[PDB]
Amino acid sequence: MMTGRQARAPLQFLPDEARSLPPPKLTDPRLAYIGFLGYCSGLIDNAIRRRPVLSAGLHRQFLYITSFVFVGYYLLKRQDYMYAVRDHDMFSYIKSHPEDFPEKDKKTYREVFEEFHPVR
Amino acid sequence: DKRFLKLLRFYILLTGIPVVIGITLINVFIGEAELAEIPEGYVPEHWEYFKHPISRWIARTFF
Amino acid sequence: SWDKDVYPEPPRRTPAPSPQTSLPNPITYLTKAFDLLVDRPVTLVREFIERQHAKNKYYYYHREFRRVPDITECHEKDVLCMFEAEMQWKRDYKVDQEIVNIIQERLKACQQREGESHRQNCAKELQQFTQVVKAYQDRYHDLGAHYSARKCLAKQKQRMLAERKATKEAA
Amino acid sequence: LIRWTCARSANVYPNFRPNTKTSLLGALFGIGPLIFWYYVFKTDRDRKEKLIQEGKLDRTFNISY
Amino acid sequence: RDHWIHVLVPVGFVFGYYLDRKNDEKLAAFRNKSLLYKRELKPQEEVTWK
Amino acid sequence: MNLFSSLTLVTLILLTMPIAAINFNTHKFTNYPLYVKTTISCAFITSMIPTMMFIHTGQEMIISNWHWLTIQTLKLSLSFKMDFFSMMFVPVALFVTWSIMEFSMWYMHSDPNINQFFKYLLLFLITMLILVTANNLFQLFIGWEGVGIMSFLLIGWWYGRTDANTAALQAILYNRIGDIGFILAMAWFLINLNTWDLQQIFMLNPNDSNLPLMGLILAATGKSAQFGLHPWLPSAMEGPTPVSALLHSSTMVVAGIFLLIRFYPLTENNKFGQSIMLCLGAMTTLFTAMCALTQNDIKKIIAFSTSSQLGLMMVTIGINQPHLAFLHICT
Amino acid sequence: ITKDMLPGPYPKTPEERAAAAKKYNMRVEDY
Amino acid sequence: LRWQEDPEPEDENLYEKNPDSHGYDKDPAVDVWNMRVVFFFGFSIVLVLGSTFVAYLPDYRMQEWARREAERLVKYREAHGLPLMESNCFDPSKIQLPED
Amino acid sequence: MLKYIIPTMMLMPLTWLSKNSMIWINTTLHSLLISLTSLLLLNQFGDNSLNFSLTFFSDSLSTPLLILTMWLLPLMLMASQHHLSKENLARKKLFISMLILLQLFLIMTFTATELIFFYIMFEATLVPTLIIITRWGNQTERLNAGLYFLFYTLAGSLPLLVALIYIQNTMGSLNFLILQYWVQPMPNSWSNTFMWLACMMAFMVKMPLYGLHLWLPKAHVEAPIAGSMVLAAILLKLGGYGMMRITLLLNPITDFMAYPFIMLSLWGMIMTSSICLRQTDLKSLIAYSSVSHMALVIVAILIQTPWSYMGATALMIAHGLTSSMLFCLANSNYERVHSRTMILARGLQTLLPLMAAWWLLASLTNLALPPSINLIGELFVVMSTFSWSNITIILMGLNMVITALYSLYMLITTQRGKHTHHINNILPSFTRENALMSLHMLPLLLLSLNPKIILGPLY
Ligand SMILES: CCCCCCCCCCCCCCCCCC(=O)OC[C@H](COP(=O)([O-])OCC(O)COP(=O)([O-])OC[C@@H](COC(=O)CCCCCCCCCCCCCCCCC)OC(=O)CCCCCCCCCCCCCCCCC)OC(=O)CCCCCCCCCCCCCCCCC
Ligand SMILES: CCCCCCCCCCCCCCCCCC(=O)OC[C@H](COP(=O)([O-])OC[C@H](O)COP(=O)([O-])OC[C@H](COC(=O)CCCCCCCCCCCCCCCCC)OC(=O)CCCCCCCCCCCCCCCCC)OC(=O)CCCCCCCCCCCCCCCCC
Ligand SMILES: CCCCCCCCCCCCCCCCCC(=O)OC[C@H](COP(=O)([O-])OCC[N+](C)(C)C)OC(=O)CCCCCCCCCCCCCCCCC
Ligand SMILES: CCCCCCCCCCCCCCCCCC(=O)OC[C@H](COP(=O)([O-])OCC[N+](C)(C)C)OC(=O)CCCCCCCCCCCCCCCCC
Ligand SMILES: CCCCCCCCCCCCCCCCCC(=O)OC[C@H](COP(=O)([O-])OCC[N+](C)(C)C)OC(=O)CCCCCCCCCCCCCCCCC
């Protein structure tokens, strides 16, 4: 849908204007969930090779957690960037086309007549 | 059957008798609140709109 | 106690004891025994408990809700105003429910207190009961289990259109 | 007993054959009373709603519903 | 601790309770701004609820 | 007011006390049947004081002591109605039950479940005095289904016997067929009068009372063993003799008659209900007394006797004489 | 319990009828 | 013949090796402590303090207030001659109707 | 609601880090602590629901279902620990994990502020249930039963997915709190007709509806005891919860769309109850009783009057407790005779008197003996359906005869009569089994003292 937006600057994971946006905190619940996925990957890696699941390879489990947090941080940054680009294009388009977005007359319910349907 | 019923009555009464004694001591000594008109400028807390002390304690502590 | 105006009671006209017989009824002896053996120790324990209440006085309050704008002057699909209108409407619906409960308690107390002359002597409470049940029915009946201030306003507008058409066709 | 409880439950469908008799008894006893009670309750509620909306049915103290 | 496993579920309550309070401050836009419960602030008080 | 209402509630709480005793036990008793018999003798002595001070002035009241549940306009409360009917029926039921239990201290003496038997019999008495002292239809329905379930548990006393379990499930079957009409009456009063309390039922005084009175007559047919729903009462002799003496002669089986007596302001204005009750009670008192002419089992003969007397009670309700019917119950 | 002591299809040959009667523990002329 | 299968293990009786068994476990110390945990945190904690908590709920769904508030409003409108309830839920001065 | 979701998830380390003999006691203890903590959800108001966040809220409908759900886990752990005692420790921990995970999905199914999250959790509850039935069920037919349970629910609910996403595209939101105020009346069209069916038939299957209920006398019977407890006591009531949420959006079309389904329930409770009169499998008799009781909840939600919703949620809580206890009683005899034939073990009051008294109380609450909340829900639904149509009382009243008839026949077949001679492994009742019966029945009888907490959002 937005393929013409990211075509003037192709193959940029995070563009320069992405730095205008606030990055996710390191205590992001999504980033904590991806770290939990790293912990689950470490436990499954010890379970498939018949290792003590909590004991064997604390260095390996720690690299699983670290690698998934590291990849997921940049994935969350790009995610927040692309939703901000979506909203920026939306708001610029509504501002540039006022005739396609008229201000509606908000009527209170003293004028608004709804048909009543009795439940009996 | 008799062992289950003795254990049932014992583990019910083990906190039942302290709760009944404590509720009686609240209803006598701490006592129940009286209805009053709201003073001008006084903002009551949300637990000050309930009558029994345990109801006030629940509205102050948890709810 | 309570308020005697919301719960009305006529004054007690009890007749004087005029015994004709010489045999003493057991009710006087058992009433004196109930006064001596039962009512006085219960009164003493209640006075002890009342002193223990008086040793620490503290108050609870009746929560007053100020009036917020109702559903008629809330904009359509504006949840911040019509939410407050809906909460006001639901509290008013629960209070009107308890109004009908108070008038039912008046009706039942009148019937039992009058006894066999209830059909004559409780015409006023019956009239008040019929009025408040007619008002509660025109206000809240047939809204369904998903009732709202929108449903109630739509029922009110349908009833007002029916009343206006009935007045217009008869003039 | 095991043979009886297996015959009452498990062996019914593998020894079912849809033929004229089973079809007429399944359509007479299955969707028959559904149609019956449908027309009874539909006719009664059409009658009751017609009496209520015309101001005929005594609904004087009816405020619980 | 000799019995460290009996504090997984209670602290998981307490921490969870904490997060609920931690979410309440994120939903505090209409604090003392509702048309029903708005009022002047009492002395030595900054928020109506926490 | 302070004597009447207190001894009224003291009667019922006193009857509930040996249930707490048998539920909170550890030991082998010092004659728990003697304890229950002493309790019911004391309850009769206690309940005579409100009856005597009703004979003096006609003093009636209502103890709506505990609010239970408000369904939006229906404030169900724990409400006891002390009128003519409760004041006359509670001492009679307590005196008869005291005689039945001193009978049972001899008759059921060889039974190793004698404490369970006196427990069930006291539970029957508690449910029946809940029934007759009730002020609304929900509490009367509690007492109604309670005496039905204790009838089940006491017909099927010797539960290894197939015929006792069969007669107990038969009694439940006919009573629930009556309960159809009882719940029909409750439904009509809630939908058209917004009440289960008897006072608002009496004060509103409905005219279109064909359908709720048909429901109440069906309930009395099921509970007081009228024609069409009669055979459960001769089947009910399969339980022990004091079960037949207390429940199935004098106390439980008059509850449908008591139900139609309790709604006498609705039957004294409905001639159609009076004619239906008259024809049904005459049919029952003919048929059951005719069946009793040729029976050889003595409990079956006295069971058809009491069902014929219930038919006569239905007759004298149907001639718009409800107080004669209640006097005939107490007699 | 095993498979050929459980109920099966309708018997159509007389030897299957005899096997059914042997299964249900009753005579073939009574089955 | 059919395959190599272990036979059906017989039903064990907990009352043989543990005649004081509560049925929670075959080890008697684990069994009795399971009984104590079930009865304390089931009956002494959840049932007793749960009934105390539900018994003293602070005006559950504000029904008691709603009586007391009604006892205010009736007291306002008995004396002031007003009817006890209007059939109009909202003021007809603030309702526009579709003209016809 | 995050003060409940996090302890339920901390039950996973509490069962996987426990000592091999402590994995039942610890999970029982801390699940009872969570069930005691569940009472904080009773902060309900007469106007506003207890609204926690953008994701979770809890009104007076979801609150009793939540308290019942968090209470049911310790009872399932007590029920299922005997027959899984010879099980491997890893599969024992996996079974406890599936129960904990199912509770976890249920507590955020009932508190879903938004309806597609309700759908995700509502269909997430399939997978632990499916694994419990098709893995720890006893007989051969657990696999086929899991197939029927999976594919009736998914075939009903994948149109519900399209319908909910259509509401998200049309109304703009699937928040229930928003749709309380942005609900539009649904007019008469074929498009709105299949809108109604796609919103309703998933919950019709989960209740179950008569004719669509074929999964249930296989899924409830072929399950283990914990599976049958959670399927009868909670997982049927997801359908009633979801109907009470989703009929907000289906007015006034429900007023003429409910007419066939009401018939299917008003006849279905006559049929299934009658089926209970001829069931040789006791667990299937309890299953068809569950269908017969949930037919009233379907009728009460489809007539959508306030008395009907109060009675329907009271009937849901009451039937959860009663049906869970009846399945546990049937298990208490299955662990002594190793068969589910009801005519096999007889005369059990001669051998097990207190357990016969628990059977007696569960049968009296099954037949709606007043003042139980069974009778409160039953009676209020009967009141509202008498207001709906005055002839329905016949179909109600005859049902209340037949509901008595199999409730006592179950008591007379199993507990009364002459005991079976050849069955001699009838052990005395364990303290665990009577604890299970008492923890079912004592909350059920205490709720008769204060029933207003189980009467829903419109008390
Ligand atoms: C005793 C031990 C029993 C067993 C214990 C263990 C039980 C098992 C475990 C239980 C665990 C707890 C479970 C949760 C319960 C939580 C509490 C609760 O919900 O309380 C609710 C409720 C309200 O309590 P609240 O909100 O705290 O108090 C509200 C007040 O406004 C504010 O309170 P207040 O300040 O106004 O109240 C004053 C009260 C303090 O407050 C209390 O005690 C209330 C709290 C008691 C709670 C008890 C709950 C346990 C269950 C009791 C019932 C079942 C027991 C077993 C079965 C018994 C047989 C049936 O003061 C007194 O008690 C003193 C008065 C004593 C009068 C008698 C003696 C007078 C003469 C003395 C002569 C000698 C001295 C002379 C000179 C003196 C000079 C100084 O309390 C009760 O229901 C109390 C029980 C009595 C009620 C009336 C009973 C008679 C009714 C008869 C007619 C109706 C029935 C008709 C039946 C018909 C046939 C079927
Ligand atoms: C908040 C504080 C509350 C305090 C008060 C609590 C109120 C009661 C709550 C529920 C009580 C259930 C427990 C007893 C039955 C289950 C166990 C059993 O069978 O034990 C036998 C055993 C004595 O017998 P056994 O000889 O040793 O062995 C039995 C034999 O093997 C052979 O057995 P069996 O068949 O010969 O004996 C069983 C017999 C069999 O009899 C029957 O099945 C007949 C019952 C039905 C017909 C009669 C009643 C009809 C309805 C009228 C009553 C309600 C309304 C009355 C109000 C006024 C009118 C509106 O039943 C009874 O004796 C029970 C009498 C009371 C029945 C209550 C209604 C249950 C019927 C089913 C549901 C009906 C609707 C719901 C009613 C809810 C009421 C609260 O009892 C005990 O060991 C009792 C242990 C302690 C029980 C504590 C119960 C409360 C626990 C709650 C804890 C948390 C709150 C703290 C309060 C603690 C209070 C102490
Ligand atoms: C052996 C021990 C006995 C008790 C020992 C302790 C007490 C000692 C004696 C001193 C008295 C203590 C003080 C007085 C008691 C408290 C007074 C008080 O205000 O209590 C609060 C209230 C009084 O009612 P209320 O109206 O104030 O509160 C009801 C609550 N609302 C309003 C929210 C609905 O409760 C009680 O009194 C509770 C006990 C009631 C007694 C009867 C119980 C019957 C149970 C039946 C269950 C099923 C019924 C279903 C059908 C109902 C009918 C349709
Ligand atoms: C809830 C949904 C999920 C269901 C499963 C729940 C699992 C979790 C369980 C947690 C614990 C239980 C929670 C529910 C508790 C309900 C009980 C409760 O709190 O009640 C409050 C009710 C409150 O009554 P109330 O409505 O009057 O309230 C008064 C309010 N206050 C106290 C503030 C003034 O408590 C009582 O009624 C106590 C009264 C005294 C004790 C009882 C006396 C009568 C009982 C019968 C006695 C014998 C009568 C005769 C019988 C003869 C033989 C037949
Ligand atoms: C468990 C087994 C039984 C499950 C039953 C499930 C429900 C039965 C009915 C489902 C119909 C399909 C989903 C409809 C979703 C409607 C959403 C919507 O916006 O509708 C309006 C829309 C209308 O389009 P629109 O809304 O874009 O139009 C704009 C508005 N107007 C009309 C004014 C122009 O409906 C449709 O587009 C089509 C609806 C019917 C679809 C028919 C195809 C499916 C056939 C039935 C399949 C049933 C399950 C199959 C599996 C059975 C078991 C194997």
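Refer to the structure above for everything that follows.
Here we summarise the structure given alongside this text. (Residues numbered from 1 in each chain as written, not as in the entry; some residues may be left out. Chains lettered and ligands numbered in written order. Part of a larger assembly, values for the part shown. Heavy atoms only, no water.)

## Describing the overall build of chain F
Secondary structure summary: chain F contains 15 helices and 2 strands in total. Expressed along its principal axes, the backbone C-alpha trace of chain F runs to roughly 55 × 55 × 40 Å. Out of the 331 residues belonging to chain F, those deemed buried represent 65%. Within the structure as shown, chain F displays about 11,300 Å² of accessible surface, and the carbon and sulfur contribution to it stands at 66%. Averaging the coordinates of the 12 positive side-chain charges in chain F and doing the same for the 12 negative ones gives two points 5 Å apart. (Helix = DSSP H or I, 4+ residues; strand = E, 2+ residues; numbered from the N terminus. Buried < 20%, exposed > 50% of the residue type's maximum accessible area, 1.4 Å probe, protein only. Areas by Shrake-Rupley, 256 points an atom, 1.4 Å probe, with all protein chains shown as cover. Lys, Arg positive; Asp, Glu negative; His and termini not counted. Charge placed at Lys NZ, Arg CZ, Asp CG, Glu CD.)

## Notes on the packing of aromatic side chains
This model, assessed by the stated rule, comprises 72 aromatic pairs over all chains. Here the aromatic rings of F41 of chain D and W388 of chain I are separated by 6.0 Å at their centres, their planes lie at 65°, and the arrangement is edge-to-face. Placement of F41 of chain D in helix 3 (residues 32-53) and of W388 of chain I in helix 18 (residues 373-388) is noted, with the two residues assigned to different chains. Neither residue differs from the other here; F41 of chain D and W388 of chain I are each classed as buried. Three or more aromatic residues link up through ring pairs in this structure, and these residues are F54, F84, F85, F89, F258, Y264 and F326 of chain F. (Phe/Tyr/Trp six-rings, centres within 6.5 Å; stacked < 30°, edge-to-face > 60°.)

## As for the site of ligand 5
All names here are of chain I. In the vicinity of ligand 5, the residues found are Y152, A155, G156, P159, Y166, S191, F194, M195, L197, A198, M201 and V205. Here an oxygen atom of ligand 5 and a side-chain polar atom of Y166 are 2.7 Å apart. Burial of ligand 5 by the protein chains amounts to 43% of its free accessible area of 1,100 Å². A total of 7 residues in the shell around ligand 5 trace back to one element, the largest contributor, which is helix 9 (residues 190-206). The residue inventory of the shell around ligand 5, partitioned by class, reads 10 nonpolar, 2 polar and no charged. (Near = heavy atom within 4 Å. Polar contact = N/O pair within 3.5 Å; in protein donor to acceptor, adjacent residues only side chain to side chain. Nonpolar A, V, L, I, M, F, W, Y, C, P; charged D, E, K, R; others polar.)

## A short note on empty space enclosed by the protein
All names here are of chain I. The tally for this structure, following the rule as stated, stands at 12 cavities of 30 Å³ or more. Empty space within the largest cavity amounts to approximately 130 Å³. Around the largest cavity, the lining comprises 13 residues; the ones closest to its centre are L282, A330, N333, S339 and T341. Among the secondary structure elements, those contributing two or more residues to the lining of the largest cavity are helix 15 (282-303) and helix 16 (306-337). Residues that form the lining of the largest cavity fall into these classes: 7 nonpolar, 4 polar and 2 charged. (1 Å grid on protein atoms, 1.4 Å probe; cavity = no way out; pocket = protein on both sides within 12 Å on 5 of 7 lines; lining within 4 Å. Points joined across faces, edges and corners; volume = space filled by probe spheres on them.)

## Focus: the state of the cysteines
Any covalent bond linking the sulfur atoms of two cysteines counts as a disulfide. Residues and elements named next belong to chain C. Enumeration over the complete set of coordinates arrives at 1 disulfide over all chains. Between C110 and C122 runs a disulfide, and the two sulfur atoms are separated by 2.0 Å. Handedness of the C110-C122 disulfide follows from its S-S torsion of about -100°: it is left-handed. With a gap of 12 residues between them, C110 in helix 2 (residues 79-114) and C122 in the loop between helix 3 (118-121) and helix 4 (123-140) connect regions that are remote in the sequence. Across the pair, exposure class does not vary: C110 and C122 are buried alike. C81 supplies the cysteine sulfur nearest to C74, a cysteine that is in no disulfide, at a spacing of 5.1 Å. (Disulfide = S-S within 2.5 Å.)

## Points about the pattern of salt bridges
Across all of its chains, the model carries 50 salt bridges over all chains by this definition. Between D83 of chain F and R262 of chain F there is a salt bridge; the shortest N-O distance is 2.4 Å. Of this pair, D83 of chain F sits in the loop between strand 2 (74-82) and helix 3 (84-107) while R262 of chain F sits in helix 11 (residues 255-262), and the two are 179 residues apart along the sequence. By the burial criterion, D83 of chain F is buried, and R262 of chain F matches it. Overlapping salt bridges, with partners in common, bring together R120 of chain A, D142 of chain C together with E49 and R59 of chain D in one network. (Salt bridge = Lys/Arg side-chain N within 4 Å of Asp/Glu carboxyl O.)

## Some details on the site of ligand 3
Ligand 3 sits among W66, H67, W68, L76, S77, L78, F138 and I142 of chain F, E64 of chain H together with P371 and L449 of chain I. Each of chains F, H and I places residues near ligand 3. One of the side-chain nitrogen or oxygen atoms of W66 of chain F is found 3.2 Å away from an oxygen atom of ligand 3. For ligand 3, the protein covers 39% of the area, taking 1,300 Å² as the surface of the free molecule.

## Points about the interface of chain H and chain C
Contacts between the two partners involve 30 residues from chain H, matched on the other side by 43 residues from chain C. Two residues, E78 of chain H and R106 of chain C, come together in a salt bridge whose shortest N-O distance is 3.1 Å. Inspection of the region where chain H meets chain C yields 15 residue pairs in polar contact. Tallied by class, residues from the side of chain H that touches chain C come to 14 nonpolar, 4 polar and 12 charged. (Contact = heavy atoms within 4.5 Å.)

## Quick look at helix 8 (residues 210-223) of chain F
Residues and elements named next belong to chain F. Relative to the 20 Å expected for 14 residues at 1.5 Å per residue, helix 8 spans 20 Å between its end C-alpha atoms, a close match to the ideal helical length. Most of helix 8 sits out of view: 10 of its 14 residues are buried. For helix 8, the complete set of buried residues consists of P212, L213, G215, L216, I217, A219, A220, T221, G222 and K223. Among the residues trailing helix 8, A225 stands out with phi positive, at a value near 60°. (Expected span 1.5 Å × (residues − 1).)

## As for unusual backbone geometry
Residue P208 of chain I follows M207 of chain I across a cis peptide bond; omega there is 0°. Tracing the backbone through its elements, the reader meets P208 of chain I in the loop between helix 9 and helix 10 (216-222). Between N251 of chain I and the following residue, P252 of chain I, the backbone shows a cis peptide bond with an omega angle of -5°. The residue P252 of chain I is located in the loop between helix 12 (237-246) and helix 13 (254-257) in this model. Although it is not a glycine, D142 of chain C adopts a positive phi angle of roughly 60°.

## Observations concerning the interface of chain C and chain B
Residue-level contacts link 12 residues of chain C with 22 residues of chain B. Carbon and sulfur atoms make up 60% of the area that chain C and chain B hide from each other, which totals about 1,600 Å². On the chain C side of the interface with chain B, the three residues burying the most area are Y58, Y60 and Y61 of chain C, jointly 52% of the side's total. Remark: the boundary between chain C and chain B carries 1 salt bridge. Here chain C is connected to chain B by 7 residue pairs in polar contact. Where the side of chain C that touches chain B is concerned, the elements lending two or more residues are helix 1 (26-54) and strand 1 (59-61) of chain C. When residues of the side of chain C that touches chain B are assigned to their parent elements, the largest contribution, 4 residues, is made by helix 1 of chain C. Each residue belonging to the side of chain C that touches chain B can be placed in one class, and the counts come to 6 nonpolar, 4 polar and 2 charged. (Buried area = accessible area lost by both parts, 1.4 Å probe.)

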